[PDB]
$ cat coords.tsv   # TSV, N, CA and C atoms
chain	number	residue	atom	x	y	z
R	1	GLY	N	84.20	-121.84	-52.43
R	1	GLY	CA	83.05	-120.96	-52.38
R	1	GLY	C	82.62	-120.64	-50.97
R	2	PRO	N	81.63	-119.75	-50.82
R	2	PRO	CA	81.22	-119.31	-49.48
R	2	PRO	C	80.34	-120.29	-48.71
R	3	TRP	N	79.74	-121.31	-49.34
R	3	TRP	CA	78.91	-122.21	-48.54
R	3	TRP	C	79.74	-122.89	-47.45
R	4	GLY	N	79.21	-122.90	-46.23
R	4	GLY	CA	79.86	-123.55	-45.10
R	4	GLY	C	80.99	-122.78	-44.46
R	5	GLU	N	81.23	-121.55	-44.90
R	5	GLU	CA	82.32	-120.75	-44.38
R	5	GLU	C	81.90	-119.98	-43.14
R	6	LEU	N	82.88	-119.72	-42.29
R	6	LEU	CA	82.67	-118.99	-41.06
R	6	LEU	C	82.68	-117.50	-41.37
R	7	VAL	N	81.70	-116.76	-40.83
R	7	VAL	CA	81.64	-115.32	-41.04
R	7	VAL	C	81.43	-114.60	-39.72
R	8	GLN	N	81.86	-113.34	-39.67
R	8	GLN	CA	81.59	-112.45	-38.55
R	8	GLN	C	80.33	-111.66	-38.88
R	9	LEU	N	79.29	-111.82	-38.06
R	9	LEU	CA	78.02	-111.13	-38.30
R	9	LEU	C	78.04	-109.71	-37.74
R	10	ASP	N	78.64	-109.54	-36.57
R	10	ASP	CA	78.80	-108.26	-35.89
R	10	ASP	C	79.97	-108.47	-34.94
R	11	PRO	N	80.41	-107.47	-34.15
R	11	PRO	CA	81.64	-107.67	-33.37
R	11	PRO	C	81.64	-108.88	-32.45
R	12	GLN	N	80.47	-109.33	-31.99
R	12	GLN	CA	80.41	-110.42	-31.04
R	12	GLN	C	79.97	-111.76	-31.63
R	13	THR	N	79.28	-111.76	-32.77
R	13	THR	CA	78.56	-112.93	-33.24
R	13	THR	C	79.23	-113.52	-34.48
R	14	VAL	N	79.45	-114.84	-34.49
R	14	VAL	CA	79.94	-115.53	-35.67
R	14	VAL	C	78.84	-116.46	-36.17
R	15	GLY	N	78.97	-116.89	-37.42
R	15	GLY	CA	78.03	-117.82	-37.99
R	15	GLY	C	78.65	-118.57	-39.15
R	16	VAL	N	77.88	-119.49	-39.70
R	16	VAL	CA	78.30	-120.29	-40.85
R	16	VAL	C	77.26	-120.10	-41.94
R	17	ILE	N	77.73	-119.83	-43.15
R	17	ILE	CA	76.84	-119.66	-44.29
R	17	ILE	C	76.24	-121.01	-44.65
R	18	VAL	N	74.91	-121.07	-44.69
R	18	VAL	CA	74.22	-122.32	-44.99
R	18	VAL	C	73.32	-122.23	-46.22
R	19	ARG	N	73.11	-121.06	-46.81
R	19	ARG	CA	72.40	-120.97	-48.08
R	19	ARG	C	72.89	-119.75	-48.83
R	20	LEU	N	73.04	-119.89	-50.14
R	20	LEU	CA	73.45	-118.81	-51.02
R	20	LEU	C	72.24	-118.31	-51.80
R	21	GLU	N	72.01	-117.01	-51.75
R	21	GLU	CA	70.97	-116.33	-52.52
R	21	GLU	C	71.64	-115.25	-53.37
R	22	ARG	N	70.89	-114.63	-54.28
R	22	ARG	CA	71.51	-113.73	-55.25
R	22	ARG	C	72.10	-112.50	-54.56
R	23	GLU	N	71.42	-111.95	-53.56
R	23	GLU	CA	71.93	-110.79	-52.86
R	23	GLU	C	72.29	-111.07	-51.40
R	24	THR	N	71.93	-112.23	-50.87
R	24	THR	CA	72.01	-112.48	-49.44
R	24	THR	C	72.53	-113.88	-49.17
R	25	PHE	N	72.95	-114.09	-47.92
R	25	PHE	CA	73.20	-115.42	-47.39
R	25	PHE	C	72.19	-115.71	-46.29
R	26	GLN	N	71.84	-116.99	-46.15
R	26	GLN	CA	71.33	-117.50	-44.88
R	26	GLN	C	72.53	-117.92	-44.05
R	27	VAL	N	72.58	-117.48	-42.80
R	27	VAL	CA	73.70	-117.77	-41.91
R	27	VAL	C	73.16	-118.38	-40.62
R	28	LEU	N	73.71	-119.52	-40.23
R	28	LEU	CA	73.39	-120.14	-38.95
R	28	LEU	C	74.31	-119.52	-37.92
R	29	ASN	N	73.76	-118.72	-37.01
R	29	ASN	CA	74.62	-118.03	-36.07
R	29	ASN	C	75.00	-118.95	-34.91
R	30	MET	N	75.88	-118.46	-34.05
R	30	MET	CA	76.42	-119.28	-32.96
R	30	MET	C	75.39	-119.62	-31.91
R	31	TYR	N	74.23	-118.95	-31.91
R	31	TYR	CA	73.13	-119.26	-31.01
R	31	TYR	C	72.17	-120.28	-31.59
R	32	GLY	N	72.36	-120.70	-32.83
R	32	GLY	CA	71.45	-121.66	-33.43
R	32	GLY	C	70.30	-121.06	-34.21
R	33	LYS	N	70.29	-119.75	-34.41
R	33	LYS	CA	69.28	-119.13	-35.25
R	33	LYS	C	69.85	-118.87	-36.64
R	34	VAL	N	68.98	-118.97	-37.64
R	34	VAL	CA	69.31	-118.67	-39.03
R	34	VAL	C	68.86	-117.25	-39.34
R	35	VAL	N	69.79	-116.42	-39.82
R	35	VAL	CA	69.54	-115.03	-40.17
R	35	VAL	C	69.86	-114.82	-41.65
R	36	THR	N	69.21	-113.83	-42.23
R	36	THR	CA	69.44	-113.41	-43.61
R	36	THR	C	70.23	-112.12	-43.62
R	37	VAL	N	71.33	-112.10	-44.36
R	37	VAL	CA	72.22	-110.94	-44.39
R	37	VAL	C	72.67	-110.70	-45.82
R	38	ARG	N	72.88	-109.44	-46.17
R	38	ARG	CA	73.45	-109.13	-47.47
R	38	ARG	C	74.90	-109.61	-47.53
R	39	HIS	N	75.32	-110.00	-48.74
R	39	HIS	CA	76.66	-110.57	-48.92
R	39	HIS	C	77.73	-109.70	-48.28
R	40	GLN	N	77.64	-108.39	-48.43
R	40	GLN	CA	78.64	-107.49	-47.86
R	40	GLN	C	78.44	-107.18	-46.38
R	41	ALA	N	77.35	-107.62	-45.76
R	41	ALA	CA	77.11	-107.27	-44.36
R	41	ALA	C	77.85	-108.19	-43.40
R	42	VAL	N	78.51	-109.21	-43.91
R	42	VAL	CA	79.29	-110.12	-43.08
R	42	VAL	C	80.70	-110.16	-43.63
R	43	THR	N	81.65	-110.40	-42.74
R	43	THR	CA	83.04	-110.47	-43.13
R	43	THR	C	83.55	-111.89	-43.01
R	44	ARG	N	84.43	-112.26	-43.93
R	44	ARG	CA	84.96	-113.61	-43.93
R	44	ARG	C	85.94	-113.74	-42.77
R	45	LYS	N	85.76	-114.78	-41.97
R	45	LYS	CA	86.55	-114.96	-40.76
R	45	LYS	C	87.60	-116.04	-40.97
R	46	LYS	N	88.80	-115.79	-40.47
R	46	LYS	CA	89.88	-116.76	-40.60
R	46	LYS	C	89.60	-117.98	-39.75
R	47	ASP	N	89.43	-119.12	-40.40
R	47	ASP	CA	89.22	-120.39	-39.72
R	47	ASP	C	90.44	-120.75	-38.88
R	48	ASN	N	90.21	-121.34	-37.70
R	48	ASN	CA	91.28	-121.87	-36.86
R	48	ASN	C	91.17	-123.39	-36.91
R	49	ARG	N	91.78	-123.99	-37.94
R	49	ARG	CA	91.73	-125.43	-38.14
R	49	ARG	C	92.43	-126.21	-37.04
R	50	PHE	N	93.22	-125.55	-36.20
R	50	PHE	CA	93.98	-126.21	-35.14
R	50	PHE	C	93.38	-125.96	-33.77
R	51	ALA	N	92.16	-125.44	-33.72
R	51	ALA	CA	91.46	-125.20	-32.47
R	51	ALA	C	91.32	-126.50	-31.69
R	52	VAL	N	91.34	-126.37	-30.37
R	52	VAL	CA	91.10	-127.49	-29.48
R	52	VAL	C	90.11	-127.05	-28.41
R	53	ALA	N	89.24	-127.96	-28.01
R	53	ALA	CA	88.30	-127.68	-26.94
R	53	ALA	C	88.15	-128.93	-26.09
R	54	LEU	N	87.36	-128.82	-25.03
R	54	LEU	CA	87.04	-129.95	-24.17
R	54	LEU	C	85.60	-130.40	-24.43
R	55	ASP	N	85.37	-131.72	-24.49
R	55	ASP	CA	84.00	-132.22	-24.57
R	55	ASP	C	83.45	-132.42	-23.15
R	56	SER	N	82.28	-133.07	-23.05
R	56	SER	CA	81.60	-133.21	-21.77
R	56	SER	C	82.35	-134.10	-20.79
R	57	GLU	N	83.26	-134.95	-21.29
R	57	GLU	CA	84.05	-135.83	-20.45
R	57	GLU	C	85.50	-135.38	-20.37
R	58	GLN	N	85.75	-134.10	-20.68
R	58	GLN	CA	87.09	-133.50	-20.65
R	58	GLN	C	88.05	-134.10	-21.66
R	59	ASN	N	87.56	-134.79	-22.70
R	59	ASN	CA	88.44	-135.16	-23.80
R	59	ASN	C	88.77	-133.92	-24.63
R	60	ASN	N	90.00	-133.89	-25.15
R	60	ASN	CA	90.33	-132.92	-26.19
R	60	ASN	C	89.58	-133.26	-27.46
R	61	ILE	N	88.90	-132.28	-28.02
R	61	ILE	CA	88.27	-132.43	-29.33
R	61	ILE	C	88.85	-131.40	-30.28
R	62	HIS	N	88.83	-131.75	-31.56
R	62	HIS	CA	89.46	-130.99	-32.62
R	62	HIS	C	88.54	-130.95	-33.83
R	63	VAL	N	88.81	-130.00	-34.72
R	63	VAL	CA	88.16	-130.03	-36.02
R	63	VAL	C	88.39	-131.40	-36.66
R	64	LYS	N	87.35	-131.91	-37.34
R	64	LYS	CA	87.23	-133.19	-38.05
R	64	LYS	C	86.76	-134.32	-37.14
R	65	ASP	N	86.72	-134.11	-35.82
R	65	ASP	CA	86.34	-135.18	-34.91
R	65	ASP	C	84.86	-135.51	-35.05
R	66	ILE	N	84.53	-136.77	-34.86
R	66	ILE	CA	83.14	-137.22	-34.81
R	66	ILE	C	82.70	-137.23	-33.36
R	67	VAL	N	81.61	-136.54	-33.06
R	67	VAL	CA	81.11	-136.44	-31.70
R	67	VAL	C	79.64	-136.82	-31.68
R	68	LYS	N	79.19	-137.30	-30.53
R	68	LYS	CA	77.77	-137.47	-30.24
R	68	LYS	C	77.29	-136.32	-29.36
R	69	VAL	N	76.04	-135.92	-29.56
R	69	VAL	CA	75.40	-134.88	-28.76
R	69	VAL	C	74.61	-135.56	-27.66
R	70	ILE	N	74.91	-135.21	-26.40
R	70	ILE	CA	74.35	-135.90	-25.24
R	70	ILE	C	73.52	-134.99	-24.35
R	71	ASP	N	73.31	-133.74	-24.74
R	71	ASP	CA	72.52	-132.79	-23.98
R	71	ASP	C	72.14	-131.67	-24.94
R	72	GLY	N	71.23	-130.80	-24.50
R	72	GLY	CA	70.85	-129.66	-25.29
R	72	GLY	C	69.90	-130.03	-26.41
R	73	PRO	N	69.59	-129.07	-27.29
R	73	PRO	CA	68.52	-129.31	-28.28
R	73	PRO	C	68.79	-130.47	-29.22
R	74	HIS	N	70.04	-130.67	-29.65
R	74	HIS	CA	70.37	-131.69	-30.63
R	74	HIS	C	70.79	-133.01	-29.98
R	75	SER	N	70.47	-133.21	-28.71
R	75	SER	CA	70.80	-134.44	-28.00
R	75	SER	C	70.33	-135.66	-28.78
R	76	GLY	N	71.23	-136.62	-28.95
R	76	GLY	CA	70.98	-137.79	-29.77
R	76	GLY	C	71.58	-137.72	-31.16
R	77	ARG	N	71.90	-136.52	-31.64
R	77	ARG	CA	72.50	-136.40	-32.96
R	77	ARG	C	73.97	-136.78	-32.91
R	78	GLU	N	74.55	-136.94	-34.09
R	78	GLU	CA	75.97	-137.20	-34.26
R	78	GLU	C	76.48	-136.28	-35.35
R	79	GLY	N	77.71	-135.78	-35.21
R	79	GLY	CA	78.19	-134.88	-36.24
R	79	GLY	C	79.69	-134.77	-36.30
R	80	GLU	N	80.15	-134.14	-37.38
R	80	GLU	CA	81.56	-133.84	-37.60
R	80	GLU	C	81.81	-132.39	-37.22
R	81	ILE	N	82.82	-132.14	-36.39
R	81	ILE	CA	83.19	-130.78	-36.03
R	81	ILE	C	83.77	-130.08	-37.25
R	82	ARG	N	83.12	-129.01	-37.70
R	82	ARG	CA	83.59	-128.19	-38.82
R	82	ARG	C	84.31	-126.93	-38.37
R	83	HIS	N	83.75	-126.23	-37.38
R	83	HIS	CA	84.38	-125.05	-36.79
R	83	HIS	C	84.27	-125.16	-35.28
R	84	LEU	N	85.39	-124.93	-34.58
R	84	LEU	CA	85.47	-125.22	-33.16
R	84	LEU	C	85.93	-123.99	-32.40
R	85	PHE	N	85.21	-123.70	-31.31
R	85	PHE	CA	85.54	-122.66	-30.35
R	85	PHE	C	85.56	-123.29	-28.97
R	86	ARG	N	86.05	-122.54	-27.98
R	86	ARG	CA	86.17	-123.12	-26.64
R	86	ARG	C	84.82	-123.59	-26.11
R	87	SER	N	83.74	-122.87	-26.42
R	87	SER	CA	82.45	-123.16	-25.80
R	87	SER	C	81.41	-123.74	-26.74
R	88	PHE	N	81.64	-123.71	-28.05
R	88	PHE	CA	80.64	-124.23	-28.96
R	88	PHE	C	81.33	-124.68	-30.23
R	89	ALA	N	80.61	-125.46	-31.02
R	89	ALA	CA	81.14	-125.95	-32.28
R	89	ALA	C	80.04	-125.92	-33.33
R	90	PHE	N	80.43	-125.63	-34.57
R	90	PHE	CA	79.55	-125.85	-35.71
R	90	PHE	C	79.82	-127.24	-36.25
R	91	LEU	N	78.77	-128.06	-36.31
R	91	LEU	CA	78.87	-129.45	-36.73
R	91	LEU	C	78.11	-129.67	-38.02
R	92	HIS	N	78.50	-130.73	-38.73
R	92	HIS	CA	77.81	-131.17	-39.93
R	92	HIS	C	77.41	-132.62	-39.80
R	93	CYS	N	76.17	-132.92	-40.20
R	93	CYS	CA	75.70	-134.30	-40.35
R	93	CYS	C	74.91	-134.37	-41.64
R	94	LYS	N	75.33	-135.26	-42.55
R	94	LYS	CA	74.71	-135.30	-43.87
R	94	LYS	C	73.26	-135.75	-43.80
R	95	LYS	N	72.90	-136.52	-42.77
R	95	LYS	CA	71.51	-136.94	-42.61
R	95	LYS	C	70.59	-135.78	-42.25
R	96	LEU	N	71.13	-134.69	-41.70
R	96	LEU	CA	70.32	-133.52	-41.37
R	96	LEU	C	70.08	-132.71	-42.64
R	97	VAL	N	68.83	-132.65	-43.09
R	97	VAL	CA	68.52	-131.84	-44.27
R	97	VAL	C	68.41	-130.36	-43.94
R	98	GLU	N	68.09	-130.03	-42.69
R	98	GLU	CA	67.98	-128.64	-42.26
R	98	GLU	C	69.32	-127.94	-42.41
R	99	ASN	N	69.30	-126.72	-42.96
R	99	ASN	CA	70.47	-125.84	-43.01
R	99	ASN	C	71.68	-126.50	-43.67
R	100	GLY	N	71.41	-127.32	-44.68
R	100	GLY	CA	72.48	-128.02	-45.38
R	100	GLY	C	73.31	-128.93	-44.51
R	101	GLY	N	72.72	-129.48	-43.45
R	101	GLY	CA	73.43	-130.37	-42.56
R	101	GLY	C	74.12	-129.70	-41.39
R	102	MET	N	74.18	-128.37	-41.37
R	102	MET	CA	74.92	-127.67	-40.32
R	102	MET	C	74.07	-127.48	-39.07
R	103	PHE	N	74.71	-127.60	-37.90
R	103	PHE	CA	74.05	-127.28	-36.64
R	103	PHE	C	75.13	-126.90	-35.63
R	104	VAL	N	74.69	-126.30	-34.52
R	104	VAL	CA	75.60	-125.75	-33.53
R	104	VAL	C	75.26	-126.30	-32.15
R	105	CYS	N	76.29	-126.72	-31.41
R	105	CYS	CA	76.14	-127.30	-30.08
R	105	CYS	C	77.19	-126.71	-29.16
R	106	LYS	N	76.84	-126.58	-27.88
R	106	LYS	CA	77.85	-126.29	-26.87
R	106	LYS	C	78.84	-127.45	-26.77
R	107	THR	N	80.12	-127.13	-26.59
R	107	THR	CA	81.12	-128.19	-26.50
R	107	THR	C	80.86	-129.09	-25.29
R	108	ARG	N	80.30	-128.55	-24.21
R	108	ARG	CA	80.02	-129.41	-23.07
R	108	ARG	C	78.81	-130.33	-23.28
R	109	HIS	N	78.09	-130.18	-24.40
R	109	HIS	CA	77.00	-131.07	-24.77
R	109	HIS	C	77.44	-132.17	-25.73
R	110	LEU	N	78.74	-132.28	-25.97
R	110	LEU	CA	79.32	-133.21	-26.92
R	110	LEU	C	80.11	-134.29	-26.19
R	111	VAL	N	80.23	-135.45	-26.83
R	111	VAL	CA	81.24	-136.41	-26.41
R	111	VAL	C	81.86	-137.05	-27.64
R	112	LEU	N	83.18	-137.17	-27.61
R	112	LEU	CA	83.91	-137.80	-28.70
R	112	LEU	C	83.37	-139.21	-28.91
R	113	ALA	N	83.00	-139.52	-30.15
R	113	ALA	CA	82.41	-140.81	-30.48
R	113	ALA	C	83.49	-141.89	-30.58
$ encode --input "coords.tsv" --output "structure tokens"
Amino acid sequence: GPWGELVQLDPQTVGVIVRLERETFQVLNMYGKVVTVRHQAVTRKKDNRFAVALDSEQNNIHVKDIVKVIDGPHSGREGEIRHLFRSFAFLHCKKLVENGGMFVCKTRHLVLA
């Protein structure tokens, strides 16, 4: 299903679907804001499950990795990398009730746990 899937919001912006409504999705965009969009206003984006990035200590990080957040708004949190880009990642932590556990951090604000 579409929950937790990566979508293209506009040519520059990606997000992750975090709530399903009858005509719309709530989408957590790559900037950390939640937007409401009609189901057809976003396109399904091909996940790159083999993405690699650098964390704050220059470790290679990958999808499925457990990281700690050491800077930025979510500093102190811990999460699982769900979608990974060179500069940011969408993470999940089940203890976070906000946005179904999803949140977004810069990769340089992460360290492999």
$ closest_residue --input "coords.tsv" --among "R:105, R:61, R:42, R:35" --to "residue 8 of chain R" --atoms "only C-alpha atoms"
R:42
$ closest_residue --input "coords.tsv" --among "R:22, R:33, R:94, R:44" --to "residue 7 of chain R" --atoms "only N, CA and C atoms"
R:44
$ residues_around --input "coords.tsv" --residues "residue 26 of chain R" --least-positions-apart "4" --cutoff "12 Å" --atoms "only C-alpha atoms" --output "list in words"
residues 2, 3, 4, 5, 7, 9, 15, 16, 17, 18, 19, 20, 21, 22, 33, 34, 35, 36, 37, 38, 39, 41, 42, 98, 99, 100 and 102 of chain R
$ residues_near_point --input "coords.tsv" --point "(80.9, -133.6, -26.0)" --cutoff "6.5 Å" --atoms "all atoms listed in the file" --output "PyMOL selection string"
chain R and resi 54-57+67-70+107-112
$ write_last_selection --input "coords.tsv" --atoms "N, CA and C atoms" --output "PDB file, in the frame of the given file"
ATOM      1  N   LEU R  54      87.360-128.820 -25.030  1.00  0.00           N
ATOM      2  CA  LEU R  54      87.040-129.950 -24.170  1.00  0.00           C
ATOM      3  C   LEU R  54      85.600-130.400 -24.430  1.00  0.00           C
ATOM      4  N   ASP R  55      85.370-131.720 -24.490  1.00  0.00           N
ATOM      5  CA  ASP R  55      84.000-132.220 -24.570  1.00  0.00           C
ATOM      6  C   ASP R  55      83.450-132.420 -23.150  1.00  0.00           C
ATOM      7  N   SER R  56      82.280-133.070 -23.050  1.00  0.00           N
ATOM      8  CA  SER R  56      81.600-133.210 -21.770  1.00  0.00           C
ATOM      9  C   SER R  56      82.350-134.100 -20.790  1.00  0.00           C
ATOM     10  N   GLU R  57      83.260-134.950 -21.290  1.00  0.00           N
ATOM     11  CA  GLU R  57      84.050-135.830 -20.450  1.00  0.00           C
ATOM     12  C   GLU R  57      85.500-135.380 -20.370  1.00  0.00           C
ATOM     13  N   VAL R  67      81.610-136.540 -33.060  1.00  0.00           N
ATOM     14  CA  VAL R  67      81.110-136.440 -31.700  1.00  0.00           C
ATOM     15  C   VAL R  67      79.640-136.820 -31.680  1.00  0.00           C
ATOM     16  N   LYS R  68      79.190-137.300 -30.530  1.00  0.00           N
ATOM     17  CA  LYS R  68      77.770-137.470 -30.240  1.00  0.00           C
ATOM     18  C   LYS R  68      77.290-136.320 -29.360  1.00  0.00           C
ATOM     19  N   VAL R  69      76.040-135.920 -29.560  1.00  0.00           N
ATOM     20  CA  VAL R  69      75.400-134.880 -28.760  1.00  0.00           C
ATOM     21  C   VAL R  69      74.610-135.560 -27.660  1.00  0.00           C
ATOM     22  N   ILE R  70      74.910-135.210 -26.400  1.00  0.00           N
ATOM     23  CA  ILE R  70      74.350-135.900 -25.240  1.00  0.00           C
ATOM     24  C   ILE R  70      73.520-134.990 -24.350  1.00  0.00           C
ATOM     25  N   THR R 107      80.120-127.130 -26.590  1.00  0.00           N
ATOM     26  CA  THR R 107      81.120-128.190 -26.500  1.00  0.00           C
ATOM     27  C   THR R 107      80.860-129.090 -25.290  1.00  0.00           C
ATOM     28  N   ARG R 108      80.300-128.550 -24.210  1.00  0.00           N
ATOM     29  CA  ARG R 108      80.020-129.410 -23.070  1.00  0.00           C
ATOM     30  C   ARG R 108      78.810-130.330 -23.280  1.00  0.00           C
ATOM     31  N   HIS R 109      78.090-130.180 -24.400  1.00  0.00           N
ATOM     32  CA  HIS R 109      77.000-131.070 -24.770  1.00  0.00           C
ATOM     33  C   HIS R 109      77.440-132.170 -25.730  1.00  0.00           C
ATOM     34  N   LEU R 110      78.740-132.280 -25.970  1.00  0.00           N
ATOM     35  CA  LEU R 110      79.320-133.210 -26.920  1.00  0.00           C
ATOM     36  C   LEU R 110      80.110-134.290 -26.190  1.00  0.00           C
ATOM     37  N   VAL R 111      80.230-135.450 -26.830  1.00  0.00           N
ATOM     38  CA  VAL R 111      81.240-136.410 -26.410  1.00  0.00           C
ATOM     39  C   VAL R 111      81.860-137.050 -27.640  1.00  0.00           C
ATOM     40  N   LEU R 112      83.180-137.170 -27.610  1.00  0.00           N
ATOM     41  CA  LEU R 112      83.910-137.800 -28.700  1.00  0.00           C
ATOM     42  C   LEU R 112      83.370-139.210 -28.910  1.00  0.00           C
TER      43      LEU R 112
END
$ residues_near_point --input "coords.tsv" --point "(82.8, -136.7, -33.4)" --cutoff "7 Å" --atoms "only C-alpha atoms" --output "VMD selection string"
chain R and resid 65 to 68 78 to 81 112 to 113
$ select_by_dssp --input "coords.tsv" --residues "chain R" --states "strand (DSSP E or B)" --output "MDAnalysis selection string"
chainID R and resid 6:8 14:20 24:29 34:38 43:44 52:54 60:62 66:69 78:84 88:92 102:106 110:112
$ closest_residue --input "coords.tsv" --among "R:6, R:91, R:14, R:63" --to "residue 46 of chain R" --atoms "only N, CA and C atoms"
R:6
$ build_atoms --input "coords.tsv" --residues "segment 83-98 of chain R" --atoms "N, CA, C and O atoms" --output "PDB file, keeping the file's coordinate frame"
ATOM      1  N   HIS R  83      83.750-126.230 -37.380  1.00  0.00           N
ATOM      2  CA  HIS R  83      84.380-125.050 -36.790  1.00  0.00           C
ATOM      3  C   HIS R  83      84.270-125.160 -35.280  1.00  0.00           C
ATOM      4  O   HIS R  83      83.181-125.430 -34.752  1.00  0.00           O
ATOM      5  N   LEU R  84      85.390-124.930 -34.580  1.00  0.00           N
ATOM      6  CA  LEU R  84      85.470-125.220 -33.160  1.00  0.00           C
ATOM      7  C   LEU R  84      85.930-123.990 -32.400  1.00  0.00           C
ATOM      8  O   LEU R  84      86.904-123.336 -32.792  1.00  0.00           O
ATOM      9  N   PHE R  85      85.210-123.700 -31.310  1.00  0.00           N
ATOM     10  CA  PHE R  85      85.540-122.660 -30.350  1.00  0.00           C
ATOM     11  C   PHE R  85      85.560-123.290 -28.970  1.00  0.00           C
ATOM     12  O   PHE R  85      85.141-124.428 -28.783  1.00  0.00           O
ATOM     13  N   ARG R  86      86.050-122.540 -27.980  1.00  0.00           N
ATOM     14  CA  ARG R  86      86.170-123.120 -26.640  1.00  0.00           C
ATOM     15  C   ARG R  86      84.820-123.590 -26.110  1.00  0.00           C
ATOM     16  O   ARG R  86      84.746-124.623 -25.428  1.00  0.00           O
ATOM     17  N   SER R  87      83.740-122.870 -26.420  1.00  0.00           N
ATOM     18  CA  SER R  87      82.450-123.160 -25.800  1.00  0.00           C
ATOM     19  C   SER R  87      81.410-123.740 -26.740  1.00  0.00           C
ATOM     20  O   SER R  87      80.372-124.212 -26.262  1.00  0.00           O
ATOM     21  N   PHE R  88      81.640-123.710 -28.050  1.00  0.00           N
ATOM     22  CA  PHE R  88      80.640-124.230 -28.960  1.00  0.00           C
ATOM     23  C   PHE R  88      81.330-124.680 -30.230  1.00  0.00           C
ATOM     24  O   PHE R  88      82.498-124.344 -30.479  1.00  0.00           O
ATOM     25  N   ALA R  89      80.610-125.460 -31.020  1.00  0.00           N
ATOM     26  CA  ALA R  89      81.140-125.950 -32.280  1.00  0.00           C
ATOM     27  C   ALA R  89      80.040-125.920 -33.330  1.00  0.00           C
ATOM     28  O   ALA R  89      78.865-126.146 -33.021  1.00  0.00           O
ATOM     29  N   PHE R  90      80.430-125.630 -34.570  1.00  0.00           N
ATOM     30  CA  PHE R  90      79.550-125.850 -35.710  1.00  0.00           C
ATOM     31  C   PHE R  90      79.820-127.240 -36.250  1.00  0.00           C
ATOM     32  O   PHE R  90      80.965-127.576 -36.597  1.00  0.00           O
ATOM     33  N   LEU R  91      78.770-128.060 -36.310  1.00  0.00           N
ATOM     34  CA  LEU R  91      78.870-129.450 -36.730  1.00  0.00           C
ATOM     35  C   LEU R  91      78.110-129.670 -38.020  1.00  0.00           C
ATOM     36  O   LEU R  91      77.177-128.941 -38.361  1.00  0.00           O
ATOM     37  N   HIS R  92      78.500-130.730 -38.730  1.00  0.00           N
ATOM     38  CA  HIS R  92      77.810-131.170 -39.930  1.00  0.00           C
ATOM     39  C   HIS R  92      77.410-132.620 -39.800  1.00  0.00           C
ATOM     40  O   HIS R  92      78.190-133.458 -39.330  1.00  0.00           O
ATOM     41  N   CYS R  93      76.170-132.920 -40.200  1.00  0.00           N
ATOM     42  CA  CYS R  93      75.700-134.300 -40.350  1.00  0.00           C
ATOM     43  C   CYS R  93      74.910-134.370 -41.640  1.00  0.00           C
ATOM     44  O   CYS R  93      73.926-133.644 -41.810  1.00  0.00           O
ATOM     45  N   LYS R  94      75.330-135.260 -42.550  1.00  0.00           N
ATOM     46  CA  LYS R  94      74.710-135.300 -43.870  1.00  0.00           C
ATOM     47  C   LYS R  94      73.260-135.750 -43.800  1.00  0.00           C
ATOM     48  O   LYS R  94      72.458-135.390 -44.667  1.00  0.00           O
ATOM     49  N   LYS R  95      72.900-136.520 -42.770  1.00  0.00           N
ATOM     50  CA  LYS R  95      71.510-136.940 -42.610  1.00  0.00           C
ATOM     51  C   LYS R  95      70.590-135.780 -42.250  1.00  0.00           C
ATOM     52  O   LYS R  95      69.376-135.872 -42.475  1.00  0.00           O
ATOM     53  N   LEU R  96      71.130-134.690 -41.700  1.00  0.00           N
ATOM     54  CA  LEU R  96      70.320-133.520 -41.370  1.00  0.00           C
ATOM     55  C   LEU R  96      70.080-132.710 -42.640  1.00  0.00           C
ATOM     56  O   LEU R  96      71.030-132.173 -43.226  1.00  0.00           O
ATOM     57  N   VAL R  97      68.830-132.650 -43.090  1.00  0.00           N
ATOM     58  CA  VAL R  97      68.520-131.840 -44.270  1.00  0.00           C
ATOM     59  C   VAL R  97      68.410-130.360 -43.940  1.00  0.00           C
ATOM     60  O   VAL R  97      68.618-129.517 -44.818  1.00  0.00           O
ATOM     61  N   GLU R  98      68.090-130.030 -42.690  1.00  0.00           N
ATOM     62  CA  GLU R  98      67.980-128.640 -42.260  1.00  0.00           C
ATOM     63  C   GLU R  98      69.320-127.940 -42.410  1.00  0.00           C
ATOM     64  O   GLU R  98      70.370-128.500 -42.081  1.00  0.00           O
TER      65      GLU R  98
END
